[PDB]
Amino acid sequence: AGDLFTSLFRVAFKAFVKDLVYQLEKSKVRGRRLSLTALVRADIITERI
Amino acid sequence: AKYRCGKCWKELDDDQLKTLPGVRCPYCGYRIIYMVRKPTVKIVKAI
Amino acid sequence: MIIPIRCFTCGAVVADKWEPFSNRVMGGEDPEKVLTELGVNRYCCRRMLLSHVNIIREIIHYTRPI
Amino acid sequence: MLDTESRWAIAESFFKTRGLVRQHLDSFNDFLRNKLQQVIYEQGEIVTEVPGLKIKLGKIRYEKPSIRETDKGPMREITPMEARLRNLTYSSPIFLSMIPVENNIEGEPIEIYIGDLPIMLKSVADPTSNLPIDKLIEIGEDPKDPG
Ligand SMILES: [Zn+2]
Ligand SMILES: [Zn+2]
C-alpha cells in the first residue's frame, strides 16, 4: 500500500502543481493580483486518490 | 411516521411533525435516525 | 449465538444444563466428571455443550435499533 | 533444550506483538512518515515563466480524520462506523506550508489545505488504534477486527 500510494500521490501532486502555474501565468499576470489561497483548487488530489 | 434517534439500540423517540433544516435528532443533534416497529400484531408460525 | 434447546441428534434437552456446566468448569472441575454428574452420557449431547460459543453476550452491545 | 512448548511460546509471542496485517500497516506507516515529505522535496519548488515568481515548498502534516458538513465552518471528527453508515470516506486533511517569493523576496510563509488523504484502519493516523476494548465497543467497533 505504501509503495503504490507513493506513486499515486506523486502523480496527483504534479497535476496539482501544473494547475497552479496555469493560474499564475494567465490569471494574475493578466487580470488581477491574486493570493495563493484562492488559486490552489485543493479538490484535485482528493478526487484522483 | 415514528422514528428513533440512534446512538445505541434505543434512545428518545421522535415523530415526523418535528420539522428541522435536515435529518437530525432534535434532542442531541445526531445525524442518523431509525424507523420504529409498528404496533401491529404479527403472526409467526413456530416451525 | 445462544445454547440450543435440544440436542441436534436426539431430542434431549440440553439448554438447562449449560449454566451449571460452564459455571463449574470455569471453577476448576473436570469437564467429564461434571458432564457425568449432570446426566449427559451420550457423546452427541456432550458435543453440544463442549462446543457451544456464547456469542449473544457480545451481540447485545450491537443490537439493531428498529 | 527447546521443546514444542518453548517454540510455540516464541511463535505465539510473534503473533501477539505483530498481528496478521503487519505487511499493510508497516508499509502505510512508513509512507505517512517519510514519503509524503519525500515527494514534495523531490518536487523542490514551483517556478513559472514569470521572471522572478516562484514558490518554495515547506513541510506537510495531516490531521485526525474529519469531514466538513456542507461548509459548516469547523471540521468535526468522525468514527469509522459513521463513515460506513453515511457512505462517507474515512480521510484526514493534509496541509502544505508554502512561501510565495516575488523577485527573491521570501515573504510570509502560509499553510495551505491541499486535499484529503484516505486513512488505513489501525494505522498510526487512525485515532481508534489506541483505544481499549470497552472504548472500541462503545463507538460500535468489533474489538477483534484486524484493520
Ligand atoms: Zn438522540
Ligand atoms: Zn443427543
Side-chain angles (χ1 to χ4, degrees), chain B residues 1-8 10-47, chain C:
Chain B
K2 182 64 70 177
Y3 312 99
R4 184 203 290 287
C5 174
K7 285 290 281 165
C8 193
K10 309 180 76 162
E11 184 178 1
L12 294 174
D13 282 23
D14 51 279
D15 63 358
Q16 195 186 339
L17 61 84
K18 308 182 188 190
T19 302
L20 281 163
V23 171
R24 68 182 65 251
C25 174
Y27 315 118
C28 63
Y30 197 34
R31 308 277 308 235
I32 301 146
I33 69 187
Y34 300 87
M35 278 207 210
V36 306
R37 162 189 194 155
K38 293 187 286 185
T40 308
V41 183
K42 195 188 178 200
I43 308 176
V44 171
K45 180 68 174 66
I47 62 170
Chain C
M1 198 167 315
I2 187 159
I3 185 70
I5 309 280
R6 317 272 198 111
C7 166
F8 292 141
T9 297
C10 65
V13 184
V14 296
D16 61 330
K17 290 162 201 231
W18 164 249
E19 283 92 350
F21 166 75
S22 49
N23 280 344
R24 288 171 63 176
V25 175
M26 65 183 73
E29 313 200 14
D30 198 48
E32 184 200 334
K33 299 291 180 68
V34 176
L35 285 167
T36 308
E37 282 149 42
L38 292 173
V40 193
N41 302 124
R42 289 186 295 268
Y43 56 78
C44 70
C45 307
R46 296 157 88 89
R47 73 153 161 78
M48 296 298 304
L49 296 174
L50 287 161
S51 45
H52 174 238
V53 185
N54 210 20
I55 320 179
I56 189 156
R57 298 294 296 163
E58 293 179 353
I59 287 165
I60 55 170
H61 299 122
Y62 310 106
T63 311
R64 73 192 155 116
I66 64 161

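In what follows, every chain begins at residue 1, and chains take the letters A, B, ... in the order their sequences are listed.
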Determine which pairs satisfy side-chain hydrogen bond (donor to acceptor under 3.5 Å, both in side chains) with at least one residue from residues 10-26 of chain C, sequence neighbours left out, and list them in order. C:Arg24-C:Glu29, C:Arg24-C:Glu37
C:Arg47 CZ: over 12 foreign heavy atoms closer than 6.0 Å: yes
Taking atom OH of B:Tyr27 as the centre, does the number of heavy atoms from other residues, nucleotides or ligands within less than 6.0 Å exceed 12? yes
By residue number, those in residues 36-45 of chain B with heavy atoms under 4.5 Å from heavy atoms of chain C are B:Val36, B:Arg37
Give a yes or no on whether C:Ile5 atom CD1 has more than 12 heavy-atom contacts from other residues, nucleotides or ligands under 6.0 Å away. no
Can you tell me if C:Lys33 has over 12 outside heavy atoms packed within less than 6.0 Å of its NZ? no
